[PDB]
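Below: the structure, in structure tokens.
Computation of the quantities below employed the complete heavy-atom set of this structure, encompassing side-chain atoms and omitting hydrogens, waters and symmetry-equivalent molecules. Just so it is clear: chains get the letters A, B, ... in the order the sequence lines come, proteins before strands, and each one is counted from 1.
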Amino acid sequence: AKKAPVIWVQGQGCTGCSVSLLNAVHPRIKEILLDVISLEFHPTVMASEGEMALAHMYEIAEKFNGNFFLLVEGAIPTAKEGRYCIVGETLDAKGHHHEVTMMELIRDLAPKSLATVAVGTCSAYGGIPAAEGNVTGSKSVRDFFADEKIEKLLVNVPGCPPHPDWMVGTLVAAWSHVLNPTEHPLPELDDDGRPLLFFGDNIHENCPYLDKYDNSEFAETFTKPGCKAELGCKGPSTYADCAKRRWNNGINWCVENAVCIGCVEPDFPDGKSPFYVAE
Amino acid sequence: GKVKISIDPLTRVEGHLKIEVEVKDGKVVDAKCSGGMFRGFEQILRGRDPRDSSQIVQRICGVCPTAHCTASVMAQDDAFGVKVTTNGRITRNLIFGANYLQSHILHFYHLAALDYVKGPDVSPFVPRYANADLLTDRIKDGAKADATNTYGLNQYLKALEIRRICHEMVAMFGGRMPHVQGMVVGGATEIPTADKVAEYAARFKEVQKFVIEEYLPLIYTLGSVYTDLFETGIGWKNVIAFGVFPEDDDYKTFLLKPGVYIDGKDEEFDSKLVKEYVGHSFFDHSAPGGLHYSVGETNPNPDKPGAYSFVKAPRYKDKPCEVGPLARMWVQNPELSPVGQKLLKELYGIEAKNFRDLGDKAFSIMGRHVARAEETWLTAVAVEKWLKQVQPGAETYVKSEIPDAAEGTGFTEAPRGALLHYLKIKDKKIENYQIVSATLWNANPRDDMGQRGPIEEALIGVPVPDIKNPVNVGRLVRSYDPXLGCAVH
Ligand code: SF4
Ligand code: SF4
Ligand code: SF4
Ligand code: FCO
Ligand SMILES: [Ca+2]
Ligand SMILES: [Ca+2]
Ligand SMILES: [Ca+2]
Ligand SMILES: [Cl-]
Ligand code: NI
Ligand SMILES: [S]
């Protein structure tokens with residue numbers, strides 16, 4: 001019952017990908033932590049801090065070289081020599097202090113990893129930190145890897161945040177592959193590196209309001225009956241299995257409640273805005 | 001004989017925090033708090049449809065997005081000139097109140113408790129400080145130590161499920177969580193049904209039972225072991241609150257009222273007196289003297305000489321003020337839970353009826369955790385009431401149109417403290433958007449006059465008898481429940 005080693009790093013993130021993971025069911029997070037993964041480094045929940053936390057991260061990246069998953073939450077800012085995201089401070093054989101940027105951290109750990117998994121639209125595609133108006137040179141993992149000429153297996157699990165089922169499912173599929181690659185091939189990815197398992201369905205094609213759409217029955221306001229298209233719904237241009245899976249253990253989902261804002265797509269948010277204007 | 005300790009990352013807070021302390025004669029004598037990550041939401045927002053802001057701003061933080069959503073939709077309601085219905089107001093309170101319960105529970109257990117509770121010997125519970133001064137170290141009776149530690153750890157583990165149930169409650173009328181869809185300018189997007197109110201209530205009763213029967217008893221028991229931690233982590237003793245959970249349609253009355261307490265005196269909260277300084281922050285201001293948020297400027301400059309943080313420095317009448325449950329509970333001074341009244345007597349010999357009866361003990365490491373636990377109970381009492389007030393079927397949404405030119409401000413309290421969003425609209429687009437957030441008030445650097453931020457000041461005097469295991473530094477910091485994504489945005 002060997003657990004998947006995970007180093008979870010945060011760049012320009014909001015911790016929402018982490019919080020969404022905490023909402024997992026079947027398995028729940030307790031079983032994920034004790035039975036499924038070894039969460040070796042995670043800045044939001046781990047016991048150790050500062051020097052001890054970083055020393056442990058680097059020790060795991062060495063001992064488990066080529067045998068841990070690098071999970072990345074948040075974007076990578078490249079402006080001002082990476083100084084818009086300082087992730088920690090290191091100390092030399094002498095006593096002096098050196099700050100570590102998100103760029104430096106990813107350049108360091110990615111080649112050590114077995115695979116990198118970019119969880120959330122920020123890390124996968126740039127997302128909100130990389131949206132129009134930002135001055136931080138905010139970049140996705142795929143773009144940073146391309147700029148750095150880093151060839152490391154990369155899987156994107158987008159969403160803002162992703163559903164825990166997408167993160168857990170992808171990680172379990174990757175680990176199963178490593179353990180027995182011919183019995184468990186890697187999930188097929190689309191052109192944007194995200195698994196068809198979760199991101200192959202078009203929301204609109206699978207939407208329970210499609211009959212209403214077809215009969216031109218559009219909700220005049222949020223609290224009137226009908227398809228949500230006139231309220232701004234981006235279901236037509238969005239690929240995820242939300243219509244089937246729903247959210248928060250099946251309690252609700254964006255389209256029933258309001259509108260889809262296309263949060264899993266590589267052009268989120270700018271290509272999906274304004275949110276409350278129809279596509 | 002001074003020794004410097006630098007902790008980066010200061011873990012088990014949200015986001016990117018560095019803490020530096022100088023220690024002499026076994027106590028902290030100076031401190032610096034630094035936020036090392038910037039996104040610039042105030043820049044990103046410019047030129048957008050103002051309605052997009054209530055989705056965009058939630059991505060400041062995935063722990064407290066409902067707070068930002070609330071402030072944003074209130075700013076938009078103000079700017080657009082629309083009044084929310086009774087049922088819209090109540091529905092917004094139910095969405096947001098469910099995350100207050102989630103956030104406080106997440107904080108105490110999953111961020112704070114590993115400074116007191118010994119977890120199992122597997123990552124991410126280890127490695128840890130060798131001399132961590134935990135329950136298992138402090139309690140000298142070994143069976144009692146084991147039993148108390150197990151009691152705390154089992155609650156940590158159970159709280160994982162309780163906080164998840166709180167998010168089911170948020171999703172009920174909010175669509176999903178993190179990052180709700182259900183709050184918009186004009187109210188809320190889904191009218192509560194009788195069935196869904198009942199489903200929220202059933203989950204709520206499970207959360208409420210955990211709060212009263214498990215969480216409150218643990219906090220008071222924990223404080224009775226760490227009585228020294230009611231006597232340090234003091235700080236300025238200045239607090240500010242904006243008002244949260246309006247209880248009437250004209251926003252005249254709140255669950256927790258606005259107010260200021262500075263230098264031992266209560267005063268009313270006057271938003272005109274809020275300003276931000278940037279003398280030690282990585283930002284350029286067009287004019288000296290600090291800027292009121294209505295003319296706030298977000299011009300990042302990581303090369304600014306003498307600066308050390310991406311957090312600006314808000315001051316009220318030029319005073320550093322802290323925020324959060326301690327602030328709100330001090331200002332409102334509500335009656336303590338029955339559990340608190342009882343356990344303060346039984347475990348401490350303290351007769352206390354109202355929050356302020358804690359006196360000096362409130363302004364301390366353990367006082368901050370107590371305030372947060374008591375507020376969780378107080379919020380649960382309110383949610384229980386709102387569940388009776390909400391009317392199935394009653395309209396929650398009122399139509400509006402984007403104005404050409406307008407301004408609006410949304411005031412609330414995030415779980416971590418006072419929050420406002422200021423919105424200025426020109427040519428139907430966001431001209432300026434300025435966020436003054438909760439941890440912003442706590443985790444800020446020195447202002448232009450060298451006055452330390454509240455966490456910086458509260459670190460002064462904290463005992464560090466073991467420089468290699470400076471556990472009280474993190475305990476102080478985490479008592480404030482910092483969110484650095486919120487602080488910097
Ligand atoms: S993808 Fe969305 S939820 Fe995840 S870190 Fe980015 S802003 Fe937060
Ligand atoms: S526009 Fe949105 S609500 Fe309407 S059918 Fe398509 S996905 Fe469903
Ligand atoms: S319904 Fe749309 S906005 Fe909601 S989670 Fe799915 S893709 Fe994202
Ligand atoms: N609570 C919360 Fe987040 C912070 N600080 C905000 O606003
Ligand atoms: Ca290279
Ligand atoms: Ca610098
Ligand atoms: Ca601001
Ligand atoms: Cl779920
Ligand atoms: Ni937050
Ligand atoms: S929140």
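No salt bridge links B:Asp270 with B:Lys272; every basic N to acidic carboxylate O contact stays at or beyond 4.0 Å. Ionic pairing of B:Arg328 and B:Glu413 is present here: one or more N-O contacts between side-chain nitrogen and carboxylate oxygen are shorter than 4.0 angstrom. Between B:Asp77 and B:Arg92, at least one side-chain N (NZ, or NE/NH1/NH2) sits under 4.0 Å from a carboxylate O, which counts as a salt bridge. Ionic pairing of B:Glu431 and B:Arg46 is not present here: no N-O contact between side-chain nitrogen and carboxylate oxygen is shorter than 4.0 angstrom. One finds no salt bridge joining B:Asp249 and B:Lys83 here, because no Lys/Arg side-chain nitrogen approaches an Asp/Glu carboxylate oxygen to under 4.0 Å. Here B:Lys426 does not pair with B:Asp404 in a salt bridge; the nearest charged N to carboxylate O distance is not below 4.0 Å. Residues A:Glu49 and B:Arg12 are not paired through a salt bridge, judged by the lack of any N-O separation under 4.0 Å between the basic side chain and the carboxylate. Using a 4.0 Å cut-off between charged nitrogen and carboxylate oxygen, A:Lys272 and A:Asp267 count as a salt-bridge pair. Taking a cutoff of 4.0 Å between a charged side-chain nitrogen and a carboxylate oxygen, B:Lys257 and B:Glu268 do not qualify as a salt bridge. Salt bridge annotation for B:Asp481-B:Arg368: absent, with no cationic side-chain nitrogen under 4.0 angstrom from a carboxylate oxygen.
Checking B:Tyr277 against B:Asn444 by side-chain atom types alone, no donor-acceptor pair falls below 3.5 Å. Judged by distance alone, the side chains of A:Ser123 and A:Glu73 never bring a donor and an acceptor atom under 3.5 Å apart. Using modelled atom types and a 3.5 Å distance limit, the side chains of B:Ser54 and B:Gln76 yield a donor-acceptor pair. Side-chain contact check for B:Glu42 and B:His489: at least one donor-acceptor pair (N or O, by modelled atom type) lies under 3.5 Å. With hydrogens and angles left out, the side-chain atoms of B:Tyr293 and B:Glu276 include no donor and acceptor closer than 3.5 Å. Using modelled atom types, one finds no donor on one side chain facing an acceptor on the other under 3.5 Å when comparing A:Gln12 with A:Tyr84. Side-chain atoms of B:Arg416 and B:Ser103 form a donor-acceptor pair, as typed in the model, at a separation below 3.5 Å. Side-chain contact of B:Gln434 with B:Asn432: a donor-acceptor pair under 3.5 Å is present, judged by distance alone. Side-chain atoms of A:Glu89 and A:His97 include a donor-acceptor pair closer than 3.5 Å. Donor-acceptor pairing under 3.5 Å is recorded for the side chains of A:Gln10 and A:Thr44. Judged by distance alone, the side chains of B:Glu14 and A:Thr15 do bring a donor and an acceptor atom under 3.5 Å apart. In this structure, a donor-acceptor pair under 3.5 Å is present between the side chains of B:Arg59 and B:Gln55.
Scored by the salt bridge (charged side-chain N to carboxylate O under 4.0 Å, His left out) test, B:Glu297 finds no partners at all (sequence neighbours excluded).
Under the 4.5 Å side-chain criterion, counting only non-hydrogen atoms from C-beta, B:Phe310 is not in contact with B:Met37. Looking only at side-chain heavy atoms (C-beta outward), B:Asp284 and B:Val278 stay at 4.5 Å or farther from each other. A:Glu99 places none of its side-chain heavy atoms less than 4.5 Å from the side chain of A:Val87. Using a 4.5 Å heavy-atom threshold, the side chains of B:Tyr308 and B:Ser281 count as separate. In this structure, the side chains of B:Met177 and B:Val180 come closer than 4.5 Å at one or more pairs of heavy atoms. Proximity of B:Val13 to B:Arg478: side-chain heavy atoms (C-beta onward) are separated by under 4.5 Å at one or more points.
Of all the heavy atoms in B:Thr409 and B:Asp78, the pair that sits closest is N-OD2, 3.0 Å. The shortest non-hydrogen separation linking B:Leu459 to B:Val28 is O-CB, 3.1 Å. In this structure, B:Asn238 and B:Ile262 approach most closely via the heavy-atom pair OD1-CA, 3.4 Å. For the pair B:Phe254 and B:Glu247, the tightest heavy-atom approach, listed with the atom from each and the gap, is C-CG, 3.8 Å. Summarising the geometry of B:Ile240 relative to B:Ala418, their closest heavy-atom pair is O-CB, 4.4 Å, with the distance given to 0.1 Å. Nearest approach of B:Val331 to B:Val260, heavy atoms of both residues: CG2-N, 4.4 Å.
Although no hydrogens or angles enter the test, the distance criterion places a donor-acceptor pair under 3.5 Å between the side chain of B:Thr396 and the main chain of B:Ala188. Checked by atom type and distance alone, the side chain of A:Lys139 never pairs as donor or acceptor with a backbone atom of A:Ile76 at under 3.5 Å. Of the possible donor and acceptor atoms, one in the side chain of A:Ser273 sits under 3.5 Å from a partner among the backbone N and O of A:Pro269. Side-chain atoms of B:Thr91 never come within 3.5 Å of backbone atoms of B:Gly88 as a donor-acceptor pair (strictly under, hydrogens ignored). Checked by atom type and distance alone, the side chain of A:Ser20 never pairs as donor or acceptor with a backbone atom of A:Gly16 at under 3.5 Å.
In this pair, B:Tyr316 and B:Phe269 present their aromatic rings tilted. The plane angle is within the 30 to 60° band.
Within a 6.0 Å radius of CD in A:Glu132, no more than 12 heavy atoms belonging to other residues, nucleotides or ligands are found.
Seen from the ring of B:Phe363, B:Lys237 counts as a face-on cation partner, given the 6.0 Å and 45° thresholds. At least one test fails for B:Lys304 against the ring of B:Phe283: distance under 6.0 Å to the centre or angle within 45° of the axis.
Checked against B:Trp441 for a side chain to side chain contact (heavy atoms under 4.5 Å, CB included), the options B:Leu419, B:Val311, B:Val274, B:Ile455 give a single hit: B:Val274.
Ring pair B:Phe96/B:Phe245: centre-to-centre distance below 6.0 Å. Taking the six-membered ring for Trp, B:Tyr422 and B:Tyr433 have ring centres at least 6.0 Å apart.
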